[PDB]
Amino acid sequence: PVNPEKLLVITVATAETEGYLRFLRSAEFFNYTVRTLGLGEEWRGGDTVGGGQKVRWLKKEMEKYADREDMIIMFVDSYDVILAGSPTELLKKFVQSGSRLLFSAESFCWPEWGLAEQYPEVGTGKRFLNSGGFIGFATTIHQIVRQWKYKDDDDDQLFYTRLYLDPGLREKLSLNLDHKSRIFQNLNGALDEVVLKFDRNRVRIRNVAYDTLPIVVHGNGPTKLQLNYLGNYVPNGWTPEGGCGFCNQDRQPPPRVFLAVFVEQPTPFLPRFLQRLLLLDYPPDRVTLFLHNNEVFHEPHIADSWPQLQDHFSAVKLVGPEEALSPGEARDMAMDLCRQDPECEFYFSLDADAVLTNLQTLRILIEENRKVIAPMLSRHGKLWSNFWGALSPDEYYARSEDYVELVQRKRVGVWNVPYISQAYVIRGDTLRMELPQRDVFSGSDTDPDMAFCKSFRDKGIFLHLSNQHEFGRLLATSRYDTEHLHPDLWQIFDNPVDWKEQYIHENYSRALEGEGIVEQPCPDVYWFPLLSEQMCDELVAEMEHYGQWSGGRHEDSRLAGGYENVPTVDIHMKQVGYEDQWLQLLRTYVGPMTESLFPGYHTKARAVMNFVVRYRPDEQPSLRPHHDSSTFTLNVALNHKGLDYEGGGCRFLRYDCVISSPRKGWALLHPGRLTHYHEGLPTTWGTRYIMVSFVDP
């Protein structure tokens, strides 16, 4: 057994990039000893073929070990390598190979492809050398690297390849290749061969082609993204029993922050979004607000909330549609405002379609101490989120092996992902020292959101995505219909969660769960809060905006004294185009309320007659006794008694019972036939509005 203390891992790194730090963490996890060559100096090794500087530094380092037969040295890259197994296991596998210097093997011959015939034949394994990782005795390695006498821009790979292809040297020093990836696993050309092998508190990779458990995972060539993926788990990235291994899990001045808000398309519930900005649990005197609105549709919305935002934050800036900025130039300008302000410690980009339910998001993200991190936001009950887990070869969306697991929060942690959007927090120093260019989001025909992620990947920055907590959701903005007086009224299908929070009474849900909010003012007439004040005001407004009320000749489905049809001044939902929306409200909220209050009854909230009635002393103030063409009737007040009108009660003749004082939010549920002959009392002043549905006719 070779003493693990005789093993030394040597690697090259000119800076402490996240990839290098990721490498060290994996090495520290297995208690490896690591010598890092070239931390101070800068990389003259080029971009293409190169890395000759690697050999020069190694040749110098080796001279102090030139006679150490007792020393085993392993050389590996650091930016694109993670370790997966112990020094003890690594040394056992090395001795098993009977080699004195074992290079990693790969599927391709590079750079000179024609040398492929000088290589020995290998039945089913990888055939060619890869200088990304080799291991051998110090004496043997010294005899190899000693022969370096070339430029820093020359090909380190070709240097080793030429030595290995020397048949006499190959067998005199007994050099070998790890054909079946027992120790070194190069990913390029082998993606379909590699899968994660999980354990309780550590994760490995398994090669299913050769049924081996490699030690060194090298994401060489165009496999940086796959290595990022594997590196979220291997070795202690994320474990079934330990969870994430580098994030917070369990949560005196906070840093100054530049908050940038982007309205790049017509967005539902923007007033609610702007209102929510005042509620983020981050001291606003430490926040600077930049808001780009591109939509003339939203100029009134922004204008209404701007005085509150200016009072709230320490500094504010609006760039409206009159400036003719594209999304790419707007996001460039916002990010560059933080870059050029040394007091900007963090940059927080937030799009209008991002709904943050966790007011602590900025804190949580800032405390995770990453260069770039984004909270995971999902469309309600669907898989689409604000991140991608994988990329198609030509940089389109692809589903990663673990995407659904992350979106469904079956695995939670902070993940290295190739694409993030809609919300993210960027270290200010990173903008200053690593991405100093202005053209982050633009300068190409590429989409701005993709150009942003590409810009950071090209610099080797990690794009982190936290689903460690519930952060929020994403609004559906696809086909938002803007041609209404109040478009958010028509949003009950696309954004039902947000639609409920805005338009359903706040105490509806607790009234549905009992708690004694529902009342029964008259026998079998139930009274419950249904619509919020905003819904009523907006619904009345949309009716008056149509403005074509009924009158003479109007026929309603009421029954009074045989055939003397009883009319109302009203507008039917069908006329204003809101029928399908109202039926959906009936299905979702009135049905279950009815089935709770009338145990035994079942309904699917069928309604042919849905309409808003107007009562005025000047036209039709009252509604004479009658029955309804309905199994039950929904009677929703839409404005305040006293403030808006006087009188106008609802009277149930057979019970000598009167709803004298209706409530603006509240609905009456009463039977429509046989027992509940009712009349609407006269409206003596003002205007009275109610919403009526003859359901289950």
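The first residue of the shown sequence is 1; numbering continues from there. Superpose the two forms; the largest set of C-alphas matching within 1.5 Å is the rigid core.
The stretch that moves more in 8 other deposited structures of this protein, judged by CA deviation after a rigid core superposition and choosing between 497-505 and 241-249, is 241-249. For the pair 23-31 and 647-655, greater average C-alpha departure from the shown form in 8 other deposited structures of this protein after core alignment is found in 647-655. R56, present in the displayed chain, carries coordinates in each of the other PDB entries compared that cover both sides of it, far from a third leaving it out.
In all of the other compared structures of this protein with flanking residues present, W666 is modelled, so it falls below the one-third mark for missing coordinates. Count the deposited residues lacking coordinates between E41 and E42 and you get none at all.
Going from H545 to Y546, you skip over nothing: the modelled chain follows the deposited sequence without a break. Judged by mean Cα B factor in the deposited record, 533-541 ranks above the other of 533-541 and 409-417.
Here 51-59 and 661-669 are compared by their mean Cα B-factor, and 51-59 comes out higher. For the set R558, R331, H301, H179, the PDB entry puts the maximum C-alpha B factor at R558.
The top Cα temperature factor in the record, among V34, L638, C650, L634, falls on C650.
Remark: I690 belongs to the middle third of its chain, ranked by C-alpha B-factor as recorded. Among the modelled residues of its chain, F269 has a C-alpha B-factor that falls in the middle third, as given in the PDB entry.
Per-chain ranking of the deposited C-alpha B factor places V608 in the middle third. Residue-level temperature factors show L158 in the highest third of its chain, judged at the C-alpha atom. Ranked within its chain, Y396 lands in the highest third, by CA B factor from the PDB record.
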